[PDB]
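Q: Each protein sequence line maps, in turn, to chains A and B. FYI, in PDB author numbering the residues of the first sequence are 30 to 49, 52 to 444. For the second sequence, PDB author numbering gives the first residue as 29, with consecutive numbering after it. Where is the CB? At the ideal position from N, CA and C, for every residue including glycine.
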Amino acid sequence: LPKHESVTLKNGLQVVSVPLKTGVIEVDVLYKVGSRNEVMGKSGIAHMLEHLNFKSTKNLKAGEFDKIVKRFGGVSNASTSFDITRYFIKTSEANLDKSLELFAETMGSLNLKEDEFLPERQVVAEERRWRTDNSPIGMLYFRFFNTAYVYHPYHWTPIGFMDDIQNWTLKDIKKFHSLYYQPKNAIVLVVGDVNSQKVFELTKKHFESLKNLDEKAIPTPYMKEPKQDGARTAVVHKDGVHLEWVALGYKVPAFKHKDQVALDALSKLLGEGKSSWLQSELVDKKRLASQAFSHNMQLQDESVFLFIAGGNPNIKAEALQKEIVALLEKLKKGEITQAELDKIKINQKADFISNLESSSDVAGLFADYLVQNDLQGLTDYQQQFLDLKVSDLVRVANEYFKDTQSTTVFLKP
Amino acid sequence: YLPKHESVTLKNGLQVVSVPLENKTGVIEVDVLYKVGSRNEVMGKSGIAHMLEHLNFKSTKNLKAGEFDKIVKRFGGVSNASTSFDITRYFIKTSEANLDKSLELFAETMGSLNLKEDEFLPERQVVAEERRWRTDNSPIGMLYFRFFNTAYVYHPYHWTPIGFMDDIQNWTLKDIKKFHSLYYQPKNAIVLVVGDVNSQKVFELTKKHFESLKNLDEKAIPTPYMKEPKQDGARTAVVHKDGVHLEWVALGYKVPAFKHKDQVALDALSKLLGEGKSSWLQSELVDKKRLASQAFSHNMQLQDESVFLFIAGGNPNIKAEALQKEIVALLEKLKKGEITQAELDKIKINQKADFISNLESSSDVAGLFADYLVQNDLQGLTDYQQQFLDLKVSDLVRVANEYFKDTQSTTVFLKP
Ligand SMILES: [Zn+2]
Ligand SMILES: [Zn+2]
Ligand SMILES: [Zn+2]
Ligand SMILES: [Zn+2]
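1) Between which residues of its own chain and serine 35 (chain B) is the CB-CB distance below 6 Å, once the five residues before and five after are set aside?
2) Which residue from A:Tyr185, A:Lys205, A:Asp128 and A:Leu201 puts its Cα closest to that of residue 50 (chain A)?
3) Beta-carbon separation of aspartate 224 (chain A) and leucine 49 (chain A) under 8 Å?
4) Contact criterion: CB-CB distance below 8 Å. Does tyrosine 211 (chain A) meet it with respect to chain B?
5) Within this structure, are the beta carbons of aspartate 114 (chain A) and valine 402 (chain A) separated by less than 8 Å?
6) Taking C-beta pairs closer than 8 Å, name the residues in chain B that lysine 255 (chain A) reaches, listed in chain order.
7) Since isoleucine 367 (chain A) and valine 427 (chain A) should fall inside the 8 Å C-beta cutoff, what is the C-beta to C-beta distance between them, to a whole number of angstroms?
8) Given a cut-off of 8 Å on the beta-carbon distance, is the pair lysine 282 (chain A) and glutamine 259 (chain A) in contact?
9) So, for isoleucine 249 (chain A): in the same chain, excluding its five sequence neighbours on each side, which residues have a beta-carbon less than 8 Å away from its beta-carbon?
10) Using a Cβ cut-off of 8 Å (strictly closer), state whether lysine 433 (chain B) contacts chain A.
11) How is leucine 61 (chain A) classed by DSSP in three states: helix, strand or coil?
12) Is the segment 428–442 of chain B close to the segment 90–108 of chain B, with three or more CB pairs under 8 Å?
13) Taking 8 Å as the CB-CB cut-off, is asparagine 345 (chain A) touching chain B?
14) Where does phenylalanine 148 (chain A) land, buried or exposed, given buried means 16+ other C-beta within 10 angstroms?
15) Which of helix, strand or coil does DSSP assign to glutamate 303 (chain B)?
16) Between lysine 376 (chain A) and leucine 143 (chain A), what straight-line distance do the alpha-carbon atoms span, to the nearest angstrom?
17) Identify the continuous alpha helix (DSSP H) that holds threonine 137 (chain A) and give its terminal residues.
18) Is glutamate 157 (chain B) a contact residue of ligand 3, with contact defined as CB to any heavy atom under 7 Å?
19) Less than 7 Å separating the Cβ of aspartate 295 (chain B) from some heavy atom of ligand 4?
20) Below 8 Å on the Cβ atoms is my contact criterion, and I expect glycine 139 (chain B) with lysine 121 (chain B) to pass it. Report the Cβ-Cβ distance as a whole number of Å.
21) Is the beta carbon of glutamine 329 (chain A) within less than 7 Å of some heavy atom of ligand 2?
22) Tell me which same chain residues have a C-beta within less than 7 Å of the C-beta of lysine 347 (chain B), skipping the five on either side of it?
23) Which residues does DSSP list as the beta-bridge partners of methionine 328 (chain B)?
24) Quick one: is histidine 208 (chain B) buried, meaning 16 or more other Cβ sit within 10 Å of its Cβ, or exposed?
25) Contact criterion: CB-CB distance below 8 Å. Does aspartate 260 (chain A) meet it with respect to chain B?
26) If you draw a straight line from the C-alpha of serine 298 (chain A) to the C-alpha of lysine 361 (chain A), how long is it?
27) If distances are taken between C-alpha atoms only, which option among B:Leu279, B:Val277, B:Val272 and B:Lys374 comes closest to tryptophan 161 (chain B)?
28) If you draw a straight line from the alpha carbon of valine 335 (chain A) to that of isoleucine 168 (chain A), how long is it in whole angstroms?
29) By Cβ distance, which residues of its chain are closer than 7 Å to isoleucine 196 (chain A), with the 5 residues on each side in sequence left out?
30) What is the DSSP secondary structure of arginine 318 (chain A), counted as helix, strand or coil?
31) Nearest-angstrom Cα distance between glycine 408 (chain B) and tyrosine 400 (chain B)?
32) Give a yes or no on whether 8 Å exceeds the smallest Cβ distance from residue 13 (chain B) to chain A.
33) Residues of the segment 264–276 of chain B with a CB closer than 8 Å to any CB of chain A: list them in chain order, please.
34) Taking DSSP's pairing of strands, which residues face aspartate 392 (chain B) in a bridge?
35) Please list, in chain order, the chain B residues whose beta carbon lies closer than 7 Å to that of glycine 72 (chain A).
36) With hydrogens ignored, establish whether the beta-carbon of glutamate 151 (chain B) is closer than 7 Å to any heavy atom of ligand 3.
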């Protein structure tokens, strides 16, 4: 709904301004880089650069970035996913200059020293060690994508394999950074109470001078997942866990597909909200699961509709899967009430306008669509969403929720 | 009883192994082993080790493309090649009179092979055909490939040496030149000569053609570091293919690396379970119940963490799950320790006969040495026969219960 103005610099750095209205803004730097741009053996680098991006540059010390942003009362965070690496500072419009100055300092001026690479690697090694190896939901998450994808880089989670992390080199990281953190592969997004013309010329002051690597184009990943040809399963026995978990995922179209809208709605009906089907049946009523939810991941390439449930003590994961399937079979039968379709539709209207208030929520929307160049899909989202009928939620259900596209993972003691 | 040998390492790190056979006349085999396979590849650039097999018979400094074969055939020789997970292997079958020319031809392709773009481009289309025909559109081939995709997740054994189609499709000449010049160094190669020929003649002739060949640099060949995590439970995958009509099954159990002590028992287990016309899979699945048209086992002795593999293709109107239910029932029967003394004895008497039959053929002896040389495990090879004949039933049952657990099982169904 909100209007936007975009301009492209001579180096390829796309600048996008979204005027919003109380001085509060968020300045984003997006990199069209994810773990999907990695290769098995040298994975996890996409996430490693997130840690390294806040290290010493030419004019900044090893922690000077996080200290300068703290000085004008701003907040800074960063995240790397499958398809995008995103940095952002949320502050007032008064600090729009220094924020752009800071981000430019880390783009075309960032140097990765050895005495910074070594200490940070063993840190990420611990992040792998304690958030995937010795973590219930984390291990299930990683092992699922190991099973659901065989060839495409979605074979692994942005954290990457442990041995990969252990065998990184400074050269490997510099090559990955220099190639993928080029101005041509980046986007500057500013959202909040700021002037679009003011943002453009001020972005030019810090980014027009920065240059790219060569003239060649960014290497495009070619590892396309072959169509899934039947159910894949994997059971994971791991000491350290006590409860029994299960992940059920169905193969789902790429980002720009028309059916992604109905899927998003299916997620909010099945396992998203205090009144979802999973929460009501498995958690509330039958009390089989302590936690149960769904998430229609909107990955750039061939994505996946994900179910995750961690049952109560002494409850097998085969019972969880059997009951989730039971719900899905009731779904494919067309058992959706008008009230359910209505409640999800009115809750979407509510959640939408609530996000238009905060600049941080708005920038999150565009960021996911800017990197895909599907802004037209963003603007037409609500109109296509509210015009959804039960027929649409059932067509999509019977379309992608087949066992032949299913990937099931059991987590047992 | 195993043939004595003499080894010599050249100044460039090339190993030369001569295995004379007096009880043979004229016939020899000239082997060139490269310590390279699909295990030295990376996903995105897989199947390259196999591509090099095709390109190895193209033009060199002195030879035109295919002139290698023409020359070999001219002196009535036979030259085959094969790439596996761990080892790339070339050999010429001929007489000792052609030992010199054979060594010349192999030196001609080792440190003198030029990889022209006009040779790489058409040959890739060929190996692209080899992929679609014998994997993308082949029952046993697709099953073989999809199995290793499931059984292994991280280690390069995730794929068979044919590689992924898109990998093949996205190769570059630079990629292949990098791979070849790195992995086909003399320091990474072994020249093996078996048959009726003098060792000192083998050495001086190999020194003649290979001693002057240079390496790429001084730093050692990169060792793969992607070790497969211990399998933490059963893994399954169903493959629906249009071309198929009968249902197939692949049941594999994780197994120790090449140089392990239990490998001999594993070999013995395969001899008992699914090899020969007297195996359990034959006279129970194929014969007594007529459930499968084909059924066999293979203890793959891969360099890194290996796999014991059961493969069965059912008769019409027989589901793949029915095949799995039966082979498991055999394994449970096996794990109960139900092996007759008569059964164990038949395995040992057949192993004797095959061994003495192999000592008569230079081709057989070469094949034995080739696998153990690339692993530097000749001691294991010599000690094999005695270890095999000292196997008790208990050894077979211990090894069975040790590795044939569902938590290390990988199962792939081929439908419809
Ligand atoms: Zn992190
Ligand atoms: Zn989304
Ligand atoms: Zn071939
Ligand atoms: Zn063997």
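A: According to the data block:
1) Closer than 6 Å at the Cβ level, and outside the excluded window around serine 35 (chain B), lie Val45.
2) No coordinates exist for residue 50 (chain A); the numbering of chain A passes from 49 to 52 with nothing in between.
3) Closer than 8 Å, so yes.
4) Not an interface residue.
5) With contacts defined as CB atoms closer than 8 Å, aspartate 114 (chain A) and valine 402 (chain A) qualify as a contacting pair.
6) Chain B residues near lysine 255 (chain A): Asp194.
7) The pair is not a contact, with the Cβ atoms about 12 Å apart (cut-off 8 Å).
8) For the 8 Å CB-CB criterion, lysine 282 (chain A) and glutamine 259 (chain A) form a contact.
9) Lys63, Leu210, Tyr211, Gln213, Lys215 and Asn216, listed in sequence order.
10) Not an interface residue.
11) Residue state for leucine 61 (chain A) is assigned as strand, using DSSP reduced to three classes.
12) Counting Cβ pairs under 8 Å, fewer than three are found: no touch.
13) So no, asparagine 345 (chain A) is outside the interface.
14) With 16 or more other Cβ atoms within 10 Å, it is buried.
15) Reduced to three states, the DSSP call for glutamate 303 (chain B) is coil.
16) Rounded to whole angstroms, the gap between the alpha carbons of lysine 376 (chain A) and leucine 143 (chain A) is 48 Å.
17) Segment 127–138, the alpha helix (DSSP H) holding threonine 137 (chain A).
18) No; taking the cut-off as 7 Å, the Cβ of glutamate 157 (chain B) has no heavy atom of ligand 3 nearer than that.
19) With a cut-off of 7 Å, the C-beta of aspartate 295 (chain B) is classified as near ligand 4, since at least one heavy atom of the ligand falls inside that distance.
20) That belief does not hold up - the Cβ atoms of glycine 139 (chain B) and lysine 121 (chain B) are roughly 23 Å apart, past 8 Å.
21) It does: the Cβ of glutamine 329 (chain A) is within 7 Å (strictly closer) of some heavy atom of ligand 2.
22) Excluding positions up to five away in sequence, the list reads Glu275.
23) B:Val335, per the DSSP bridge assignment.
24) The Cβ neighbour count for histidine 208 (chain B), taken over all protein chains shown within 10 Å, is at least 16; the residue is labelled buried.
25) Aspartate 260 (chain A) counts as touching chain B.
26) Computed Cα separation, rounded: 15 Å.
27) Relative to the Cα of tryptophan 161 (chain B), the nearest Cα in the group B:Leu279, B:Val277, B:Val272 and B:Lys374 belongs to B:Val272.
28) C-alpha separation (whole angstroms): 17 Å.
29) Once the five neighbours on either side are set aside, the close Cβ partners of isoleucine 196 (chain A) are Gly75, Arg152, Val155, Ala156 and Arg159.
30) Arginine 318 (chain A): coil per DSSP, three-state reduction.
31) For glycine 408 (chain B) and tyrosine 400 (chain B), the distance between alpha carbons rounds to 8 Å.
32) Because chain B here runs from 29 to 444, residue 13 (chain B) falls outside it and cannot be looked at.
33) Cβ contacts with chain A: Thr264, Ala265, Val266, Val267, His268 and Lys269.
34) When beta bridges are read from the DSSP output, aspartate 392 (chain B) appears opposite no residue.
35) Within 7 Å Cβ-Cβ: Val70 and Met254.
36) Ligand 3 has no heavy atom closer than 7 Å to the beta-carbon of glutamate 151 (chain B).
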